[PDB]
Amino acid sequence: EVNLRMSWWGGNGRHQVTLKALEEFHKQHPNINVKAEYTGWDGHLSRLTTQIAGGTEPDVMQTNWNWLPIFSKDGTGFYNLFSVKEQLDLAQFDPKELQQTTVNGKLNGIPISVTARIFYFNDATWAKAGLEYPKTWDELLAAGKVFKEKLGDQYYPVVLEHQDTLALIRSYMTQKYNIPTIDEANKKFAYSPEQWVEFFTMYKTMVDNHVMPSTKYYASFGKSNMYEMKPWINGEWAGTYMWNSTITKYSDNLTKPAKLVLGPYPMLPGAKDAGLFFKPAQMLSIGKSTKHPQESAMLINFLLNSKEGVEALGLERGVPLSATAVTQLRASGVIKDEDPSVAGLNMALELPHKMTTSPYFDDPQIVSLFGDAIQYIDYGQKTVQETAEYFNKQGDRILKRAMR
């Protein structure tokens, strides 16, 4: 009798396939029981942080790439997956993808898929507005006015949650200035005071120009998860800047015959870098002090490499990085070139994208700092310049506490 716990986050679609997959794993292993612990994205890091701090975390965990500096600054925060290469077939995963999940020579997670945020639009609402998807940043910004005038105050080209908006304006600044957002050497942000004014100026331009809801309007709806909101479902918020690895958590909730559809990626003329946030979409990791490292490794192998786990898990986490698994899905017809999830990624890789994102750009204190920031602008409390100075200063402080 081996009892394991496994945690993950996701939409219900992803819960349903994972639960299906675990039922098979247990069928194939009468002696290995897994308790499942699963939520949506919200509060999930927060809960696992409490567990890790009291040493009660699961044997198997779905982890995020930006959590490596949080839990595993020295690579010892999770079990070294090189120690279970007997159970877990490592050679299926690219050596260069494995390097992103390796810290101090210790393999901390198996990246499941890679992802970048890209534009996805409600094709139904865009057809009503009689617009083509923006091919440029100017078109992005000019599209809100058309939405509001052709369809009404209630229609937006996109909805952006603050984290979405952070990634977007950084993409714009990267395209423009071709520098990293974080100076990792000096433990701080790389942008000048001016560049930060320009960053929050752009937010406010987009908000003024009716591109997406302001934070104030977004909060007149209730708290709900974005994909469960009426204006998302009703097709009133007509798009998202979103990971291809979890796009169906969004599209599953549109009203037929509306589809979320790949849009073009805006690029400034002369840009030497598309400014993607491209990374492991997520990982499977083993608890540092698991009493069952081998059975855990068997479970991770099953879900990522076995015929039956691969078939069960389908594309709820994106296009598998496992050679065997992505080949299976292609052969079964599950990966198709025209799938917006698949096409999202392919279009993205062809974008020039040499700039890597620092895991610190996605520090949860920095992300919350950013939502706070644009809330001050939207609720009249801080001007654009004050907000830019406030972000620069307080975010630098977090980066020193984060980069410790």
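Quick note: we count residues from 1 along the sequence shown, nothing fancier.
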| 42-50 set against 28-36, stretch whose average Cα temperature factor tops the other in the entry | 28-36
| request: Can you let me know which of the two, 338-346 or 61-69, has the higher average C-alpha B-factor in the entry? | output: 338-346
| Peak C-alpha temperature factor (PDB record), options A167, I112, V159, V146 | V146
| field | Per the PDB entry, maximal CA B factor within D183, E316, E295, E198 | value | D183
| Entry-reported Cα temperature factor of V367, expressed as the chain third it lands in | lowest
| field | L151 - Cα temperature factor, lowest/middle/highest third of chain | value | highest
| Relative to the other modelled residues in the chain, which third contains the C-alpha temperature factor of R330: lowest, middle or highest? | lowest
| Based on the entry's values, in what third of the chain does the Cα temperature factor of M6 lie: lowest, middle or highest? | lowest
| task | Compare the C-alpha B factor of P264 with those of the other modelled residues in its chain, then answer lowest, middle or highest third. | result | middle
